[PDB]
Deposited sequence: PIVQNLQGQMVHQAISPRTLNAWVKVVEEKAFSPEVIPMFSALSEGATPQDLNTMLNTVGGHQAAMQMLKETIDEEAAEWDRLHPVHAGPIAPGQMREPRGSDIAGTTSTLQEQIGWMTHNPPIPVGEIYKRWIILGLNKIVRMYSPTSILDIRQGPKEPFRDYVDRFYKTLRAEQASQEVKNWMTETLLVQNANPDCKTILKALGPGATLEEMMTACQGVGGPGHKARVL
């Protein structure tokens, strides 16, 4: 990575941390922040490192390649490279593949990130990666949010745990999510607690809802 701005190789424990994550948890929503976290300040070399050191889950990893490409081609369209001698004081325009680390050197990468104005390739690529991770997570969720219904003898607090778990992996904007929260959660609660909540009105907080259904 690069700490704010002097350059560093990615640390063995960052690395090791990132590997373990994927072994243990597969593609679980939390992986994603973890990833970002482990990649704070990362160059594309470092991001590639993280990605290539995953073994197994190769269908996913392939899918992530495609996505990155899609994002790369989109970059190139918007940002077409111009012909000419890159002057002494300057540095070349980055392609998609230069962004993905594939067709750029560590110097070039370091070039783009530090230069003024900053061309934050490390952060760009990361976005594309995260993008591709969401595709995966969302695909690899077995359950839809519509399906999460409160078991007859299920404490409310567990149902909520399954709801927002399943929600965290859904393909949807916030506005949509909001709607799902405001609509479904109460709709799919078990009759006993369903009633109780209805009786609070439709603007009570979660704290209020979970404490309303606590005894039941």
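*Asks:* Identify which parts of the deposited sequence carry no C-alpha coordinates, going from the N-terminal end onward.
*Replies:* Residues lacking C-alpha coordinates: 5 to 9, 222 to 231.
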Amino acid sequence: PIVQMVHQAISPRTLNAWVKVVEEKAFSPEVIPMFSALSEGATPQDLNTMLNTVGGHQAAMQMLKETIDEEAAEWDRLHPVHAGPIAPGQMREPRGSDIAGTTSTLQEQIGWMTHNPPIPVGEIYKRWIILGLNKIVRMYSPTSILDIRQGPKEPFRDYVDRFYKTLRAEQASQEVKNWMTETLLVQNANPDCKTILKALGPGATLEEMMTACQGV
From here on, numbers count along this sequence of modelled residues.
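*Asks:* So 90 to 98 or 125 to 133, which one's hotter by mean CA B-factor in the entry?
*Replies:* Taking the mean B-factor of the alpha carbons in each, 90 to 98 is higher.
*Asks:* Mean CA temperature factor from the deposited coordinates, higher in 49 to 57 or in 183 to 191?
*Replies:* Here the higher of the two C-alpha B-factor means belongs to 183 to 191.
*Asks:* Tell me, please, which of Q171, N178, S28, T67 has the highest C-alpha B factor according to the deposited entry?
*Replies:* Spelled out: the listed residue with the top C-alpha B-factor is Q171.
*Asks:* Could you place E207 in the lowest, middle or highest third of its chain by Cα temperature factor, using the values in the record?
*Replies:* CA B-factor rank for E207: lowest third.
*Asks:* Looking at the entry's B-factor column for C-alpha atoms only, identify whether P152 ranks in the lowest, middle or highest third of its chain.
*Replies:* It belongs to the highest third of the chain when residues are ordered by C-alpha B-factor.
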